[PDB]
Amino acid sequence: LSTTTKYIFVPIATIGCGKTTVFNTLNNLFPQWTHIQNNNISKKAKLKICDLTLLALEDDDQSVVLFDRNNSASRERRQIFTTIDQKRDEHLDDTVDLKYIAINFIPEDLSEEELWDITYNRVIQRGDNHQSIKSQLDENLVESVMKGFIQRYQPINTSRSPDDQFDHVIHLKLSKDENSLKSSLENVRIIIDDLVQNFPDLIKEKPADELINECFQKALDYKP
C-alpha cells in the first residue's frame, strides 16, 4: 500500500535436481505465488522468462516469482540481474523493492560423479520436462543435453559478480532418498523454514506438515 517487497527465487541447478518438483510443491502450498517455467516457453516467444517475471510482479497481488530455469552457468545468473534491473522501471514504481533469493540445488561438497548418478537416474527412471529431452526417444540425446548443463555448471560464488547480487541464498540437499523421505520434500521443508526465519512477512502462516506432505505428493504424482 506504500512500500511492497517482491521476491524472485532463482535456482542454481542442472537437469533433474528437482526444480520443477520443489517449485510445484511450493505453488500448491502458496497459490498466490507465480511459477514461471522455462520449459513451457517457446524459444521463439516474444515474451521470454525475464519479461514474464516482471509482468507477474506488477499487481499488489503478486509478490513471488519462482524462476524455473537451471542457471547452471554464472552468465545465466548475470542475465537475470541485468535484464530485470534494466526493465523493472517499465513495470514497477519506485516503492517496490525487489529481492533475489538464490535456491542452491547442488551442494558445494557434491562430486560430479554423485551429481550425475542422482540426477541422470532420476531422469531416465522417472522422466523430465526439460524441453529438449521430455520425449526420451534417443536416450543418447538425453545424456548429451544433461552433460551440457553439467559442463557449463559454475557453483554459486557470492564473493564476486554476478552472484554477489543475491540478497539471500538457501542451501538445499541433494541425496539419494533415505528413510523413505524424498530429497525434494526435505528441500521444500528447508525453504519454508528458511523463509519463516529470514523473511517472516512473506509466509503469513506456516503450513501443517501433513499439508506440506500432501502438496508434495501432488507434485510428485504429476505425469504429463
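In case it trips you up, residue 1 is the first one in the sequence shown, and so on.
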property	result
Per the entry, higher mean C-alpha B factor between 79 to 87 and 137 to 145	137 to 145
Mean C-alpha B-factor comparison - 181 to 189 and 57 to 65, higher one	57 to 65
Member of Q165, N28, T34, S42 with the greatest C-alpha B factor (per the PDB record)	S42
Member of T95, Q131, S72, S111 with the greatest C-alpha B factor (per the PDB record)	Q131
Among modelled residues of the same chain, the CA temperature factor third for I106	lowest
B-factor third for the C-alpha atom of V10 within its chain	lowest
Within-chain third of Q154 by Cα B-factor, per the entry	middle
Third of the chain's Cα B-factor distribution that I118 belongs to, per the entry	lowest
Assigned third (lowest, middle, highest) for the C-alpha B factor of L47	highest
